[PDB]
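Shown here is one chain on its own, the form deposited in one PDB entry, set out as structure tokens.
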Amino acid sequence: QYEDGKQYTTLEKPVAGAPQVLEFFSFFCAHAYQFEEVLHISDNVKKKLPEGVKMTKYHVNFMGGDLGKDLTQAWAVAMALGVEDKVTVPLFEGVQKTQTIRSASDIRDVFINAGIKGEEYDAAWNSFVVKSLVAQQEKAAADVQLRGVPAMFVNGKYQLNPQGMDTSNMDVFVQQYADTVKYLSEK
């Protein structure tokens, strides 16, 4: 059932010092929105994860305009202030549903309506933690030669392959996907 080529695939050159479980997404990809607001794969997968398995998520720049670079940074601020699960939805809601985020300031605003003081935000926005957090997000996508989002990788060696799983029913699909990540999480 679990074969390198079906539920997943391996890297010819596995990245060292990689998050146990690394998800890659982009606010600018409407399919990357389903992944956690309809499929909540980030949740249903966090559920079946082994006690102690960090479910890290990194943002990647879409086109390359200043906005994408700000959202990557704005994302590093969330992982910084550990507010990931507070800004995720409004950011997604903000960028593509209400489509009110068109500047680094609007991003700032979304962070305030979530309970983040516009002061502690700037503090983080201009911090070296965030600078390093930005730096890593870019580094990792580079080390896995990312070719599309959303995408997930394990131990820096395995790349989940959704379209290689049973997709004739959402539960079958998400259950397999979660179980593949748990398994692939042992090797």
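Residue numbers here begin at 1 and follow the sequence given.
Below, we turn to the form solved in complex with a small molecule, even though it does not appear here.
> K47 near the small molecule in the entry with it bound, any heavy atom under 4.5 Å?
Taking the distances in the entry with it bound, the answer for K47 is no, it never comes within 4.5 Å of the small molecule.
> Test of understanding: in the entry with it bound, would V129 fall inside 4.5 Å of the small molecule by heavy atoms?
It does not: once the small molecule is placed as it appears in the entry with it bound, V129 has no heavy atom within 4.5 Å of it.
> Give a yes/no on whether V53 approaches the small molecule to within 4.5 Å in the entry with it bound, heavy atoms considered.
No, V53 is distant from the partner.
> So, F35 and the small molecule: in the entry with it bound, are they within 4.5 Å at any heavy atom pair?
Flag for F35 set to yes.
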